[PDB]
$ cat protein27.txt   # compact mmCIF, C-alpha atoms and all ligand atoms
# COMPACT_ATOMS: atom_id res chain seq x y z
CA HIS A 29 20.57 36.06 -26.27
CA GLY A 30 17.59 34.47 -24.66
CA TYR A 31 15.37 31.40 -24.39
CA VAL A 32 11.79 30.48 -23.48
CA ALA A 33 11.80 29.22 -19.89
CA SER A 34 8.06 28.52 -19.60
CA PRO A 35 6.75 26.34 -21.07
CA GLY A 36 10.36 25.19 -21.24
CA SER A 37 11.82 25.25 -24.74
CA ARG A 38 13.41 22.14 -26.24
CA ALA A 39 16.82 23.81 -25.80
CA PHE A 40 16.09 25.05 -22.26
CA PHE A 41 15.04 21.54 -21.12
CA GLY A 42 18.52 20.40 -22.20
CA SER A 43 20.11 22.56 -19.46
CA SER A 44 20.32 22.04 -15.69
CA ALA A 45 17.93 24.99 -15.14
CA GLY A 46 15.52 23.07 -17.34
CA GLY A 47 16.00 19.87 -15.30
CA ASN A 48 17.93 18.04 -18.07
CA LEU A 49 14.52 16.84 -19.25
CA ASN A 50 16.05 16.49 -22.74
CA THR A 51 19.33 14.64 -23.20
CA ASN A 52 21.92 14.91 -25.99
CA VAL A 53 21.15 18.47 -27.01
CA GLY A 54 24.68 19.71 -27.91
CA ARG A 55 25.30 23.38 -27.09
CA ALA A 56 21.78 23.65 -25.64
CA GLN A 57 22.98 21.93 -22.43
CA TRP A 58 25.05 25.01 -21.59
CA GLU A 59 23.77 27.88 -23.71
CA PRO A 60 20.12 27.44 -24.71
CA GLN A 61 20.09 31.28 -25.13
CA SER A 62 22.41 31.14 -28.16
CA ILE A 63 20.17 29.98 -31.05
CA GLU A 64 20.74 33.07 -33.22
CA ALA A 65 20.31 33.22 -36.99
CA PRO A 66 19.21 35.78 -39.56
CA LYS A 67 15.54 36.72 -39.59
CA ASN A 68 13.31 34.53 -41.77
CA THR A 69 15.59 31.49 -41.64
CA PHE A 70 13.17 28.58 -41.90
CA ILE A 71 15.07 25.61 -43.30
CA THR A 72 13.10 22.38 -43.18
CA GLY A 73 14.60 20.01 -40.62
CA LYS A 74 16.70 22.83 -39.14
CA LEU A 75 14.05 24.83 -37.28
CA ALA A 76 14.99 23.71 -33.76
CA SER A 77 18.72 24.43 -34.31
CA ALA A 78 18.12 27.40 -36.68
CA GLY A 79 21.00 25.81 -38.63
CA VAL A 80 23.45 26.88 -35.93
CA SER A 81 26.69 24.91 -35.47
CA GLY A 82 26.61 22.71 -32.39
CA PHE A 83 22.82 22.71 -32.02
CA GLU A 84 22.20 19.92 -34.61
CA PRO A 85 20.99 17.34 -32.06
CA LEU A 86 17.89 19.50 -31.48
CA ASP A 87 16.67 18.80 -35.02
CA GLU A 88 15.79 15.17 -34.44
CA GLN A 89 12.04 14.73 -34.78
CA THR A 90 9.99 11.79 -33.49
CA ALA A 91 6.76 11.61 -31.46
CA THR A 92 8.67 10.53 -28.32
CA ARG A 93 12.14 12.11 -28.55
CA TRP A 94 11.47 15.30 -26.57
CA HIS A 95 9.96 16.22 -23.24
CA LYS A 96 6.55 17.94 -23.54
CA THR A 97 4.86 20.39 -21.20
CA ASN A 98 1.21 19.53 -20.61
CA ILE A 99 -0.97 22.53 -21.56
CA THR A 100 -4.57 23.28 -22.57
CA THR A 101 -6.00 25.13 -25.55
CA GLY A 102 -6.79 28.81 -25.06
CA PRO A 103 -4.48 31.32 -23.34
CA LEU A 104 -0.89 30.28 -22.72
CA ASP A 105 1.65 32.38 -20.82
CA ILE A 106 5.10 32.46 -22.44
CA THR A 107 8.09 33.55 -20.36
CA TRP A 108 11.44 34.41 -21.94
CA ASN A 109 14.66 34.87 -20.06
CA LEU A 110 17.23 37.09 -21.74
CA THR A 111 20.89 36.61 -20.77
CA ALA A 112 21.76 39.57 -23.00
CA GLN A 113 19.03 42.16 -23.53
CA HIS A 114 18.77 43.63 -27.01
CA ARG A 115 16.65 46.30 -28.65
CA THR A 116 13.68 44.38 -30.09
CA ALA A 117 11.64 44.56 -33.30
CA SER A 118 9.18 41.72 -32.84
CA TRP A 119 8.04 38.54 -31.13
CA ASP A 120 6.34 35.97 -33.36
CA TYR A 121 4.71 32.68 -32.46
CA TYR A 122 3.78 29.75 -34.68
CA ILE A 123 2.25 26.35 -33.93
CA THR A 124 2.00 23.10 -35.89
CA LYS A 125 -1.30 22.50 -37.72
CA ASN A 126 -3.83 19.88 -36.74
CA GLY A 127 -2.79 16.72 -38.62
CA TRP A 128 0.96 17.42 -38.74
CA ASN A 129 3.39 14.49 -38.61
CA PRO A 130 5.58 14.35 -35.48
CA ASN A 131 7.98 11.82 -37.10
CA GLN A 132 8.88 14.08 -40.07
CA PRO A 133 11.35 16.98 -40.18
CA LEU A 134 9.87 20.32 -39.03
CA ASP A 135 8.77 22.48 -41.94
CA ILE A 136 7.44 26.02 -41.28
CA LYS A 137 4.85 25.45 -44.01
CA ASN A 138 3.17 23.04 -41.57
CA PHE A 139 2.76 25.75 -38.88
CA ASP A 140 0.29 28.64 -38.59
CA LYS A 141 1.30 31.98 -37.07
CA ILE A 142 -0.73 32.45 -33.86
CA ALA A 143 0.64 35.68 -32.37
CA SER A 144 2.71 38.72 -33.25
CA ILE A 145 3.86 41.33 -30.73
CA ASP A 146 5.63 44.57 -31.74
CA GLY A 147 8.81 45.19 -29.73
CA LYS A 148 8.61 48.93 -30.60
CA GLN A 149 12.43 49.14 -30.94
CA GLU A 150 12.80 49.19 -27.17
CA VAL A 151 15.00 47.15 -24.82
CA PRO A 152 12.96 44.57 -22.93
CA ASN A 153 13.52 43.44 -19.36
CA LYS A 154 15.49 40.26 -18.60
CA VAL A 155 12.19 38.41 -17.99
CA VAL A 156 9.56 38.94 -20.70
CA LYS A 157 6.04 37.63 -20.13
CA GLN A 158 3.52 37.34 -22.98
CA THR A 159 0.17 35.63 -23.39
CA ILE A 160 -0.73 33.88 -26.65
CA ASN A 161 -3.80 31.86 -27.64
CA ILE A 162 -3.53 28.19 -28.53
CA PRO A 163 -6.20 27.40 -31.14
CA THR A 164 -8.87 24.91 -30.14
CA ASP A 165 -8.29 22.57 -33.10
CA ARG A 166 -4.94 21.51 -31.60
CA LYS A 167 -4.77 18.41 -29.43
CA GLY A 168 -1.89 16.17 -28.46
CA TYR A 169 1.73 16.78 -29.34
CA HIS A 170 2.41 20.13 -31.01
CA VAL A 171 5.44 22.30 -31.50
CA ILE A 172 5.33 26.04 -30.82
CA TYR A 173 7.99 28.09 -32.64
CA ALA A 174 8.82 31.31 -30.77
CA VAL A 175 10.94 33.88 -32.62
CA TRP A 176 12.52 36.93 -30.99
CA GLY A 177 13.37 39.47 -33.72
CA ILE A 178 16.25 41.81 -32.85
CA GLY A 179 15.71 45.51 -33.54
CA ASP A 180 19.26 46.65 -34.30
CA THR A 181 20.54 43.59 -36.14
CA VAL A 182 19.28 41.38 -38.97
CA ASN A 183 19.01 38.40 -36.62
CA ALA A 184 16.52 36.59 -34.45
CA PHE A 185 16.52 33.98 -31.70
CA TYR A 186 14.60 30.78 -32.37
CA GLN A 187 12.92 28.58 -29.77
CA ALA A 188 11.11 25.35 -30.60
CA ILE A 189 8.84 24.31 -27.69
CA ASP A 190 7.29 20.85 -27.33
CA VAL A 191 3.81 20.77 -25.83
CA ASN A 192 1.11 18.18 -25.16
CA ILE A 193 -2.30 19.79 -25.46
CA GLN A 194 -4.99 18.12 -23.36
CU CU A 201 22.38 38.28 -27.66
$ encode --input "protein27.txt" --output "structure tokens"
Amino acid sequence: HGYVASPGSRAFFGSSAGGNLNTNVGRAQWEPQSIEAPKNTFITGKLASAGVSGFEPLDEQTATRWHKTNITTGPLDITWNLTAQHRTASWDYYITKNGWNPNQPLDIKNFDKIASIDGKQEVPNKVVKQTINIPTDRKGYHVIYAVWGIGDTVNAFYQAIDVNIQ
């Protein structure tokens, strides 16, 4: 169990630690760390919730629905907080393509992978800090999809992150 705290994930921003910068986020208000589903679950319109019961409100998609963190292209530091550390296989990061439609349901086919970090089947610390590169053809509202792949189960934790690239 874990979430991306910086830039705050859509789920994290639903919690008090995230400033309640997103409202009406279901279970994300209290447990943004709990978005767990089998690896390679990428159901269109169910990316933000990973199809998990109680997280459905996260799946709404419009240009203005969610709070964005202002970022630039180039290097971006990602910080996870893990409420329950687990042996780790992988960390993968995707971002929406230039030209994507922010008023349509999220579809993984409209993202590119932009980073992949081997967890080496080790147990990470409670705070995990990684740097990824944001491609320079992205401007404006984009969604980053951060996926923590568990080493000793068939599951992953899924974190949609709303950013404004300027
Ligand atoms: Cu867990």
$ closest_atom_pairs --input "protein27.txt" --of "chain A" --to "ligand CU 201 (chain A)" --cutoff "9 Å" --atoms "all atoms listed in the file" --output "CSV"
residue,atom,partner,partner_atom,distance
A:29,CA,A:CU201,CU,3.2
A:30,CA,A:CU201,CU,6.8
A:61,CA,A:CU201,CU,7.8
A:62,CA,A:CU201,CU,7.2
A:64,CA,A:CU201,CU,7.8
A:110,CA,A:CU201,CU,7.9
A:111,CA,A:CU201,CU,7.2
A:112,CA,A:CU201,CU,4.9
A:113,CA,A:CU201,CU,6.6
A:114,CA,A:CU201,CU,6.5
A:178,CA,A:CU201,CU,8.8
A:185,CA,A:CU201,CU,8.3
$ closest_residue --input "protein27.txt" --among "A:135, A:165, A:120, A:105" --to "residue 33 (chain A)" --atoms "all atoms listed in the file"
A:105
$ closest_residue --input "protein27.txt" --among "A:56, A:145, A:99, A:191" --to "residue 80 (chain A)" --atoms "only C-alpha atoms"
A:56
$ atom_distance --input "protein27.txt" --atom1 "CA of residue 154 (chain A)" --atom2 "CA of residue 108 (chain A)"
7.9 Å
$ closest_residue --input "protein27.txt" --among "A:127, A:73, A:66, A:85" --to "residue 38 (chain A)" --atoms "all atoms listed in the file"
A:85
$ closest_residue --input "protein27.txt" --among "A:76, A:136, A:68, A:171" --to "residue 88 (chain A)" --atoms "all atoms listed in the file"
A:76
$ atom_distance --input "protein27.txt" --atom1 "CA of residue 148 (chain A)" --atom2 "CA of residue 116 (chain A)"
6.8 Å
$ atom_distance --input "protein27.txt" --atom1 "CA of residue 81 (chain A)" --atom2 "CA of residue 184 (chain A)"
15.5 Å
$ residues_around --input "protein27.txt" --residues "residue 95 (chain A)" --least-positions-apart "5" --cutoff "7 Å" --atoms "all atoms listed in the file" --output "list in words"
residues 49, 50 and 190 of chain A
